[PDB]
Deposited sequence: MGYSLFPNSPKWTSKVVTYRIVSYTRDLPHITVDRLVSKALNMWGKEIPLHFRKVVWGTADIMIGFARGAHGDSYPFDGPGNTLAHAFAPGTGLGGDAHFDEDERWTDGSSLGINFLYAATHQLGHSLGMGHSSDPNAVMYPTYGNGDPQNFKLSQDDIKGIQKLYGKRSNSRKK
């Protein structure tokens, strides 16, 4: 089933700040905002953790779209291959979640990768979930849904139950 990260990195405060630093032309900004909020709450409802959106400066979870190299050692690779990636909880790059601008992202109303699904996966890694061996899990390593029992068991193992 579920994986964490080695030595169970996790947010050490009850409040975790997040910021959407860069948007996609594929979607209205407010749509990315609402879907990120929905993704975070799918995890947050299970655990004693609150998310706070900020619109400036450096939040704990920095979220954004980028093409090619974007300041970490994991440059994006244009259309196809890698779609997105995210970092275990920690300072700086830890918690951050990046989406490749060279794909197409949808709110469900158009053609594209489902951004809610993808953001729930990435933000799982942003909270300290690794990949699951359970094909029903949002944290399964490969790409209308809910967290699986495995997803919920894993996140509650790391943070405890709300």
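According to the record, C-alpha coordinates are lacking for deposited residues 1, 145-150, 170-175.
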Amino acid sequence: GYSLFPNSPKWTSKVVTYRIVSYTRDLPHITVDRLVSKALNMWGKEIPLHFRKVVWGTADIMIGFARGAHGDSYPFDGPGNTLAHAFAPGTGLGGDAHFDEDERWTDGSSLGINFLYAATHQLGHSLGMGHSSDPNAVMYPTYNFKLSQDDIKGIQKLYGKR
From here on, numbers count along this sequence of modelled residues.
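Look at the C-alpha B-factors of 42-50 and of 60-68. On average they run higher in 42-50. Residue set 126, 120, 136, 114: peak C-alpha B-factor at 136 (per PDB entry).
Residue 145: CA B factor lies in the highest third for its chain, per the PDB record. In the PDB entry, a CA B factor belonging to the highest third of its chain's modelled residues is recorded for residue 30. Per the PDB record, residue ranking by Cα B-factor puts residue 36 in the middle third of the chain.
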